[PDB]
Engineer: 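Starting off with a structure, shown below.
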Amino acid sequence: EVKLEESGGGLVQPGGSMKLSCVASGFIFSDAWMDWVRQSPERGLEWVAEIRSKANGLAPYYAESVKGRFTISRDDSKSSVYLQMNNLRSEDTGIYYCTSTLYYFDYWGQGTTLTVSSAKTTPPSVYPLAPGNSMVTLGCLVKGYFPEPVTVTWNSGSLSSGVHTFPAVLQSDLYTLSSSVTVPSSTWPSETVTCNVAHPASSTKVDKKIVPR
Amino acid sequence: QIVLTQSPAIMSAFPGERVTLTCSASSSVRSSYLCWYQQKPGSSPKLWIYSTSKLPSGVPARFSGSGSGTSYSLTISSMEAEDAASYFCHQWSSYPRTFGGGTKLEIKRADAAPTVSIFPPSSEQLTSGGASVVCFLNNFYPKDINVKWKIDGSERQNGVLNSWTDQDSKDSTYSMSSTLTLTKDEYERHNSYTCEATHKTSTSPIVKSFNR
């Protein structure tokens, strides 16, 4: 199957450097054109860079806002494409997607988040939300983290229906969100309900069990 | 650079209705290199229409595309719930490659009252020194809704942060979270806490409460 594994994201101070890596598998990497695209809340969806196949001349192209600071390169023998970034600015913050083009068909990776800020990495505080009918609602409050993102699952993903994870809001220069899950009363607290909160930038994970008050 | 304009940015459609999204280019785009991406929340954009009118595998047949020169369009012959998402047009005919601003396509459905749940500050947060009271307003329609707080009967308004989800994929409803942040002292000074939801087109509100 087609797969693009991305890495190298995280938090970096303004003026710093960072390299995004993308390992391709499941196709002839040397035949594909590789692209980097950025999606950010304030700059929408914008193409960043492109490098073409060896048979197409191996030419690189860059968006104007990154020309001179970003260098795209590819290693066919390792089926990898890289985006090296120098003199990173606040405008470069966003989710970067690695994409591969063969014929007209285009495949995108899951994307990794790059944050250019002077603020420091802060792990989140995860608090359970237990109530004080035929269905009950539980929650987890993820408060005071930086940077984006955090991922929230319930019971390692086995609890997928009735889950609402809300977008993060900015509070006191940190991020805060909540996740709610609605289950039948016959399942809790007779069986456990646990929220898995992951914050990759701080390499943190909290498995918070929702015990009744 | 070819600037792509998608107007309007938000569009709504009934189930089964024919829908058309437009993409206007500042200069001519070769039709072979005009494509459309679909993005649903929590997922990467997926190539939905390539070369103006061709569908990749997995894309339902009710989708089509057309256009030429500087004017293109994506069409859904019959709107379905799973078609509610963001749609971007995109050109790679002239570099730099450019995307449109995107269109959030939503589907209309029957009005629904929100399931409201209120949660007190947990003991773990009280140990640290803060106190956040949480209120979920889940699975309502339309998106317009108001929430208000009361502490021992007194109406509250400050220290409240709200967050909305996108339209759900199966029941086409919206959800909202309302968080009231206070100090441990202020929370300890009072006992009764109330979160109520009101839709302006209705009188009877949905009220939840607890006592410290």
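We use all heavy atoms of the structure for the numbers below, so side chains are in, but hydrogens, waters and symmetry mates are not. Every chain is numbered from 1, with letters handed out A, B, ... down the list of sequences.
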Engineer: Could you point out which residue of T165(A), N196(A), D207(A) forms a side chain to side chain donor-acceptor pair (under 3.5 Å) with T153(A)?
Structural biologist: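 With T153(A) as partner, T165(A), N196(A), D207(A) yield a single side chain to side chain donor-acceptor pair (under 3.5 Å), made by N196(A).
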Engineer: Decide yes or no on side chain to side chain contact (heavy atoms under 4.5 Å, CB included) for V181(A) and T137(A), but give the supporting numbers first.
Structural biologist: CA-CA 6 Å; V181(A) 59; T137(A) 289; over 6 Å; no
Engineer: If you apply the rule side chain to side chain donor-acceptor pair (under 3.5 Å), what do you find for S177(B) with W164(B), and how did you get there?
Structural biologist: CA-CA 7 Å; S177(B) 69; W164(B) 280 270; over 6 Å; no
Engineer: In this structure, is the centre-to-centre distance between the rings of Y96(A) and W36(A) below 6.0 Å?
Structural biologist: no
Engineer: Counting only N and O atoms by type, is there a donor-acceptor contact under 3.5 Å from the side chain of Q6(B) to the main-chain atoms of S24(B)?
Structural biologist: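 Side chain of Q6(B) to backbone of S24(B), a donor-acceptor pair under 3.5 Å: no, none is there.
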Engineer: Among residues two or more places apart or on two chains, list those pairs meeting salt bridge (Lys or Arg N to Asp or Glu O under 4.0 Å) that have a residue in residues 71-90 of chain B.
Structural biologist: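 Qualifying pairs: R62(B)-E80(B), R62(B)-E82(B), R62(B)-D83(B).
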Engineer: Look at the rings of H164(A) and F166(A) and say which category their plane angle falls in: under 30° parallel, 30 to 60° tilted, over 60° perpendicular.
Structural biologist: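 Ring orientation of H164(A) relative to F166(A): tilted.
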Engineer: Checking side chain to side chain contact (heavy atoms under 4.5 Å, CB included) for the pair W47(A)/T98(B): CA distance, chi angles, key distance, verdict?
Structural biologist: CA-CA 6 Å; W47(A) 167 78; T98(B) 47; over 6 Å; no
Engineer: Does a salt bridge link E155(B) with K150(B), judged by any charged N lying under 4.0 Å from a carboxylate O?
Structural biologist: no
Engineer: Would you mind telling me which of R38(A), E6(A), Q110(A), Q39(A) makes a side chain to side chain donor-acceptor pair (under 3.5 Å) with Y97(A)?
Structural biologist: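 It is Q39(A), the one option of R38(A), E6(A), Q110(A), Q39(A) that forms the side chain to side chain donor-acceptor pair (under 3.5 Å) with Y97(A).
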Engineer: Taking the six-membered ring for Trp, are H90(B) and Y37(B) parallel (under 30°), tilted (30 to 60°) or perpendicular (over 60°)?
Structural biologist: perpendicular
Engineer: Please list all pairs meeting disulfide (SG to SG under 2.5 Å) that have one or both residues in residues 72-142 of chain B, counting only residues at least two apart or in different chains.
Structural biologist: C23(B)-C89(B), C135(B)-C195(B)
Engineer: Under 6.0 Å between the ring centres of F210(B) and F119(B)?
Structural biologist: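 Between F210(B) and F119(B), the centre distance exceeds or equals 6.0 Å.
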Engineer: Taking atom types as modelled, find out whether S21(A) and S7(A) have a side-chain donor-acceptor pair closer than 3.5 angstrom.
Structural biologist: no
Engineer: Please check if the number of heavy atoms outside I10(B) that lie under 6.0 Å from its CD1 is greater than 12.
Structural biologist: no
Engineer: Kindly confirm or rule out a cation-pi arrangement of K108(B) over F14(B), judged by NZ or CZ under 6.0 Å from the six-membered ring centre and within 45° of its axis?
Structural biologist: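 Yes, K108(B) sits over the ring of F14(B).
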